[PDB]
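Q: Protein sequence lines, in the order shown, are assigned to chains H, P, E and B.
What the first sequence shows, in UniProt numbering, is residues 1 to 263, in sequence order.
What the second sequence shows, in UniProt numbering, is residues 2 to 207, in sequence order.
What the third sequence shows, in UniProt numbering, is residues 1 to 60, in sequence order.
What the fourth sequence shows, in UniProt numbering, is residues 239 to 315, in sequence order.
Sharing a structure with you now.
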Amino acid sequence: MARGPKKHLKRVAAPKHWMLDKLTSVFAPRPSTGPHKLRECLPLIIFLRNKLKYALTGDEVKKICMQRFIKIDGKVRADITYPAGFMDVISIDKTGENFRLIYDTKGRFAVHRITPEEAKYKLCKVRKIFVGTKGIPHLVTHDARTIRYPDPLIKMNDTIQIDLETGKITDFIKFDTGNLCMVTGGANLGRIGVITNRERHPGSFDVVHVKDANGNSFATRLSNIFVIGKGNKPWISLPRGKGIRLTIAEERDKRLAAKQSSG
Amino acid sequence: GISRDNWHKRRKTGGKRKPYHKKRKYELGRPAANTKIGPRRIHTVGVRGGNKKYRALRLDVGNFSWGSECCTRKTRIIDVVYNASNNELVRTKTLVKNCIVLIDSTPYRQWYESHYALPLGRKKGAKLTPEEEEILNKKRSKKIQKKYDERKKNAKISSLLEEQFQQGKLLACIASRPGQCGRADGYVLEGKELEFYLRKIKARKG
Amino acid sequence: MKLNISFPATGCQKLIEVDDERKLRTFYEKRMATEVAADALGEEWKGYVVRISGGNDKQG
Amino acid sequence: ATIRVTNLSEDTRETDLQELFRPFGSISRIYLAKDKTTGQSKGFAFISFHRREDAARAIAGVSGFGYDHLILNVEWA
RNA sequence: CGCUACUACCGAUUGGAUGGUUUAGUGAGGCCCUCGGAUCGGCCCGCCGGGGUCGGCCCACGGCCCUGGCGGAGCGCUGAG
RNA sequence: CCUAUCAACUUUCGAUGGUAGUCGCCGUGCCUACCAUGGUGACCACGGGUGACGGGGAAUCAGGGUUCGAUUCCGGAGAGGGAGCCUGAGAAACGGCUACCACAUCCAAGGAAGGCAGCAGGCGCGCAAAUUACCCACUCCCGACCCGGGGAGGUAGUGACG
RNA sequence: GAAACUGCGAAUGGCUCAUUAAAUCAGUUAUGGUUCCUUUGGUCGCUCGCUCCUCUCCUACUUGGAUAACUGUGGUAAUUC
């Protein structure tokens, strides 16, 4: 048996890149149902008390949430295990600090403060662009936000500045060659780079040849490429650890050099 | 209970499969509607995954469409003359999809004569006498000329249709499941298909 | 047996003990809805019409 | 179930029967009628098996099997 | 050829036991389906209490109508059962 | 995984396929009519056996290999055995139900209620395996919820597996 | 604010590996063959006037009537009766 879906998830069976411990706790937070899939999510708790360390109990975490000092995507949340994802902005209204989640090329979720100007909008790639019922068109973004009456020239894999004050499309950026991308998941996790060429194969799975800033060339599936804006025109800054790609030797040299040299 | 799986029965090799788990609610495979001809009752049923499925017990009206005029009228279905799934279905008068039924001629004919303002011919003596003549005369005083220009090659319709009007019932084919949909709706038989079904009706009898 | 006779106008109910066979027997083979006459039991239930409503057997 | 054994000796106790009835499955308990005023082991015993299969197997075999130069008699209790 | 001991074999007793398959018969229980009406009201025909109207503009009590109460008639006819 | 001292097998109670329908959350011989005579095997089928749950993993080996996997995690399966069902988006549910069967219990004899392969504990079994303890504070789960409940789980006790 | 009704959990959790030999299961694929509470995002006046019964269908300043908990009487050798 198995008479229905689990409402629990054990630790030491949760995805590595959330940066939880091994067996020292027997249960992981587990994301709630929401706009993103649970593998790629980062439960609010892990950000709040394991990275920003504002709680040393679970009792505190609930009490923090009930204050409602936390908006996520401009809207007022109170969920203890909110399923935030890629380019989801967290807005602390008590301190005026806006943090966004973007991958390190190490593969660890970055604590990446952004200005409240850049926390007005986020760039969301279209997943489907849908001729809906009664001939009204809609675009649907990756984060499951359906915006009606969208711009009437858009096509698949375009990005779309969604605004979080007022909802809706606030222009768009057209998908073209050489656009900035962050390649997410896989062995190419958290790398940034242009395009170069998108190879098309009829039937399932189309691969996109990416060249990164360093000049290392690799392919991944189209699914694993996320378009984050226009070529050589960032809209949010690079995170820690380069965010490009760095070798284990170089990384060791940074780790030893910076440590016992601060303070 | 009543069952529906792929983890039973014989293999390609001539082997025999041995069970995977014990019967579960999903496998349920409820007994037949067994809807026939008689006064309408339909029941709402709760089915798996939520949602509502209609179980018809007795039907006697359907919504039958005249596919060459693009109009559908609600008519009586009085009997099953032919069914190609099983002969027994006809005899028992059980309504299933693809039953060849008998619907009234009169609403389709009444619609055509009124609408095109000219009669097809004469269906019957009884039919003619109070109206049909009325339609022919027209209620247009005035706009008589408009009807004549508008309707060219009318005062008639196709040979197969006219022949069925004479009978006083039209053959029609059920295009929906009467037990799951709860609708015994269908399209009027026409051209080649009608000819073939009459051949089957004649072949089987005698 | 004990008859649990209620006057519902006053909202009252009481038990009474009747073990006299003739007084009882009147209410036998009645079904829950049927009227009966309660005249049998005495002067103080004379002119009374009683509607049987239920009750409990032995072994509850 | 429960099976009755009869034609026990006074040199045959619960312990002597305990090892005897193990090839017919494991006994749950062996009660043995004793009286110490006259003799030791009266002559009747009641062996209790846990499982119905094991109990029946015993009755079948042991009846005709020799133990301490006597033919043990076993039968359903 | 002989003492002693073990093992497989064959064995009367159509020995005994247990489990799984087997024809046929019987078949609990629920589910589906054709019925049934234990039961209760509602909407209509008496008296009233209010209102109203066509006893009555005294159109008011009341009849009558509506609705509440209560009984009875066809229990008529819808729904639940 | 082992087996030929298992070589032909699968449908008369469909075996494989065509066609059409019933039915099902939905595909489908799922089931049924009619119609075909298929489908599978020496490249081991079919049949029989199995302390036969599967994987990630574990132990030893120069390398090659050999052996292990119920057992802290993931999937599946069952909750005395069978069969049926209700609720609900999701259950054929034993800390739900109903029948029967095997087991056990109360009885005033008419009846009635039950399932530790949950946590402790006991009996039986054996060469073999611990407290009838304390707590929701941690870690998380559930709810109308910060607030409550948790033998989930934590905590001690037992503990020369190691 | 005990209670009770309502809604939700109770399918999850925990346990054990008996059962099953391409079955389970693993990895790789699919649903264009289908169902999905919830959460998250959209979707919330209208019969487009029955050529306005919806200006008369005039209950919108809002309709109808019953069970718990409760109160009282109780039954049962024994029931979360």
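Even for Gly, the Cβ is constructed at its ideal location relative to N, Cα and C.
(1) Compare the Cα-Cα distances from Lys7(H) to each of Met19(H), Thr24(H), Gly203(H), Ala28(H) and report the closest residue.
(2) Going by DSSP, which residues form a beta bridge with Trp67(P)?
(3) Terminal residues of the continuous beta strand (DSSP E) containing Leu15(E)?
(4) Is the CB-CB distance between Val49(E) and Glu29(E) below 7 Å?
(5) May I have the straight-line CA-CA distance separating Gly231(H) from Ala213(H), to the nearest angstrom?
(6) Who pairs with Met182(H) in a beta bridge, going by DSSP?
(7) Given a cut-off of 7 Å, decide if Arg148(H) and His138(H) are closer than it, judged by their beta-carbon atoms.
(8) Can you tell me whether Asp143(H) is buried or exposed? The criterion is at least 16 other CB atoms within 10 Å of its CB, across all chains shown.
(9) Answer with buried or exposed for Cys124(H), where buried requires no fewer than 16 other C-beta atoms within 10 angstroms of its C-beta.
(10) Terminal residues of the continuous alpha helix (DSSP H) containing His116(P)?
(11) How is the beta strand (DSSP E) around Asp212(H) delimited, first residue to last?
(12) Can the beta-carbon of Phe284(B) be found less than 7 Å from the beta-carbon of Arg242(B)?
(13) By the three-class DSSP mapping on this structure, what secondary structure does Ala57(P) have?
(14) Just to confirm the assignment, what range does the alpha helix (DSSP H) spanning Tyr149(P) have?
(15) Whole angstroms are fine: how far does the CA of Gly277(B) sit from the CA of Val300(B)?
(16) So the candidates are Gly4(H), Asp59(H), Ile114(H); which of them puts its Cα closest to the Cα of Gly50(P)?
(17) Taking 8 Å as the cut-off, does the region 16-25 of chain P touch the region 33-43 of chain P (at least 3 CB pairs, one atom from each stretch)?
(18) Whole angstroms is fine: what's the gap from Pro35(H)'s alpha carbon to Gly85(H)'s?
(19) I'd like to check one pair, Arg59(P) with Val46(P): are the Cβ atoms closer than 7 Å?
(20) Out of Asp105(P), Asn155(P), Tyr198(P), which has the shortest C-alpha to C-alpha gap to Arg77(P)?
(21) Helix, strand or coil: how does DSSP classify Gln168(P) here?
(22) If the criterion is Cβ atoms closer than 7 Å, does the pair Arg11(P) and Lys19(P) meet it?
(23) Near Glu165(H), which residues of its chain fall below 8 Å by C-beta distance, leaving aside the five closest residues on each side in sequence?
(24) Output yes or no for whether 7 Å exceeds the beta carbon distance between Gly190(H) and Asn224(H).
(25) Please identify the residue among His9(P), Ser115(P), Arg42(P) whose C-alpha is closest to the C-alpha of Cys182(P).
(26) I believe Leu180(H) touches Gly229(H) by the beta-carbon criterion, under 8 Å. Please report the beta-carbon distance rounded to the nearest angstrom.
(27) When you compare the CB positions of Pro239(H) and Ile102(H), do they come within less than 7 Å of one another, or not?
(28) What does DSSP give as the partner residues of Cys174(P) in its beta bridges?
(29) Here's a check: name, in chain order, each residue in its chain whose Cβ is nearer than 8 Å to the Cβ of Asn98(H), leaving out the five neighbours to either side.
(30) On the CB-based measure, 16 or more other CB atoms within 10 Å of its CB, does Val12(H) come out buried or exposed?
(31) At what residues does the alpha helix (DSSP H) containing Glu21(E) begin and finish?
(32) If you compare alpha carbons, which of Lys37(H), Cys41(H), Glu40(H), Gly193(H) is closest to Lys233(H)?
(33) In whole angstroms, give me the CA-to-CA distance for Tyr305(B) and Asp249(B).
(34) Just reading off the beta strand (DSSP E) that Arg113(H) is part of, what are its end residues?
(35) Contact between the region 189-200 of chain P and the region 153-162 of chain P: three or more CB pairs below 8 Å?
(36) Buried or exposed for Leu270(B), going by 16 or more other Cβ atoms inside 10 Å?
A: Taking the coordinates as given:
(1) If you number the first sequence from 1, residue 7(H) lands on position 7. Closest by alpha carbon: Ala28(H).
(2) As a position in the second sequence, residue 67(P) is number 66, starting the count at 1. The partner list for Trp67(P) (beta bridge, DSSP) reads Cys72(P).
(3) Locating residue 15(E) in the third sequence gives position 15, counting from the first residue. It spans 12-17 - the beta strand (DSSP E) in which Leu15(E) sits, taken as one unbroken run.
(4) Against the third sequence, residue 49(E) aligns to sequence position 49. Against the third sequence, residue 29(E) aligns to sequence position 29. In this structure, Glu29(E) does not lie closer than 7 Å to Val49(E) by Cβ.
(5) As a first step, residue 231(H) is located in the first sequence; it is residue number 231 there, counting from the start. As a first step, residue 213(H) is located in the first sequence; it is residue number 213 there, counting from the start. Approximately 12 Å between the Cα atoms of the pair.
(6) Locating residue 182(H) in the first sequence gives position 182, where the first residue counts as 1. Beta-bridge pairing links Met182(H) to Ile192(H), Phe226(H).
(7) For this step, residue 138(H) is matched to residue 138 along the first sequence. For this step, residue 148(H) is matched to residue 148 along the first sequence. The answer is yes: Cβ separation under 7 Å.
(8) By 1-based counting over the first sequence, the position of residue 143(H) is 143. With 16 or more other Cβ atoms within 10 Å, it is buried.
(9) Numbered from its first residue, the first sequence carries residue 124(H) at position 124. Classification of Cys124(H): buried, given that the 10 Å Cβ count is 16 or more.
(10) As a first step, residue 116(P) is located in the second sequence; it is residue number 115 there, counting from the start. It spans 107-117 - the alpha helix (DSSP H) in which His116(P) sits, taken as one unbroken run.
(11) Taking the first sequence and counting its residues from 1, one reaches residue 212(H) at position 212. Residues 207-212.
(12) Reading the fourth sequence from its first residue, position 46 is the one you call residue 284(B). Reading the fourth sequence from its first residue, position 4 is the one you call residue 242(B). The answer is yes: Cβ separation under 7 Å.
(13) Residue 57(P) sits at position 56 when you count from the first residue of the second sequence. In the structure shown, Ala57(P) sits in a strand (DSSP, three-state: E or B).
(14) Counting from one through the second sequence, the residue named residue 149(P) turns up at place 148. Per DSSP, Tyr149(P) belongs to the alpha helix (DSSP H) from 145-151.
(15) To locate residue 300(B), count along the fourth sequence from 1; it is residue 62. To locate residue 277(B), count along the fourth sequence from 1; it is residue 39. The straight-line gap from Cα to Cα measures roughly 24 Å.
(16) The residue you call residue 50(P) lines up with position 49 of the second sequence. Closest by alpha carbon: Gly4(H).
(17) no
(18) By 1-based counting over the first sequence, the position of residue 35(H) is 35. By 1-based counting over the first sequence, the position of residue 85(H) is 85. Those two C-alpha atoms are separated by around 9 Å.
(19) Counted from its first residue, the second sequence places residue 46(P) at position 45. Counted from its first residue, the second sequence places residue 59(P) at position 58. No, they are not a contact pair.
(20) Translated into the one-based positions of the second sequence, residue 77(P) becomes position 76. For the residues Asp105(P), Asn155(P), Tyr198(P), the minimum Cα distance to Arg77(P) belongs to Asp105(P).
(21) Taking the first residue of the second sequence as 1, we reach residue 168(P) at position 167. Three-state result, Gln168(P): helix.
(22) As a first step, residue 11(P) must be located in the second sequence, where it is residue number 10. As a first step, residue 19(P) must be located in the second sequence, where it is residue number 18. Going by C-beta atoms, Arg11(P) is not nearer than 7 Å to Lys19(P).
(23) Within the first sequence, numbered from 1, the residue matching residue 165(H) stands at position 165. So the qualifying residues of the chain are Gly74, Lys120.
(24) Sequence index remark: in the first sequence, residue 190(H) carries index 190 (1-based). Sequence index remark: in the first sequence, residue 224(H) carries index 224 (1-based). Contact flag unset, no.
(25) In the second sequence, the residue the question calls residue 182(P) occupies position 181. Taking only the C-alpha atoms, the option nearest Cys182(P) is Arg42(P).
(26) Translated into the one-based positions of the first sequence, residue 180(H) becomes position 180. Translated into the one-based positions of the first sequence, residue 229(H) becomes position 229. Confirmed, about 5 Å.
(27) Taking the first sequence and counting its residues from 1, the one referred to as residue 239(H) is at position 239. Taking the first sequence and counting its residues from 1, the one referred to as residue 102(H) is at position 102. It is a contact, given that the beta carbons lie within the stated cut-off.
(28) By 1-based counting over the second sequence, the position of residue 174(P) is 173. Note: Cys174(P) sits in a beta bridge opposite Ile101(P), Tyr188(P).
(29) Start at 1 with the first residue of the first sequence, and residue 98(H) comes out as number 98. Excluding residues within five positions, the ones whose Cβ falls inside 8 Å are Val89, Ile90, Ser91, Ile92, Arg113, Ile114, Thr115, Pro116, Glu118, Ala119.
(30) Residue 12(H) sits at position 12 when you count from the first residue of the first sequence. Per the 10 Å Cβ criterion, exposed.
(31) Residue numbering aside, residue 21(E) sits at position 21 when the third sequence is read from its first letter. Counting along the chain, the alpha helix (DSSP H) containing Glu21(E) begins and ends at 21-25.
(32) The count along the first sequence starts at 1 and reaches residue 233(H) at position 233. Selected option, being the one with the closest Cα: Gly193(H).
(33) Position 67 of the fourth sequence holds residue 305(B). Position 11 of the fourth sequence holds residue 249(B). Each residue's Cα considered, the two are about 11 Å apart.
(34) As a working mapping, residue 113(H) is identified with position 113 in the first sequence. Run containing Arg113(H): 112-114, per the beta strand (DSSP E) assignment.
(35) yes
(36) On the fourth sequence, position 32 is the one that residue 270(B) refers to. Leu270(B) comes out buried.
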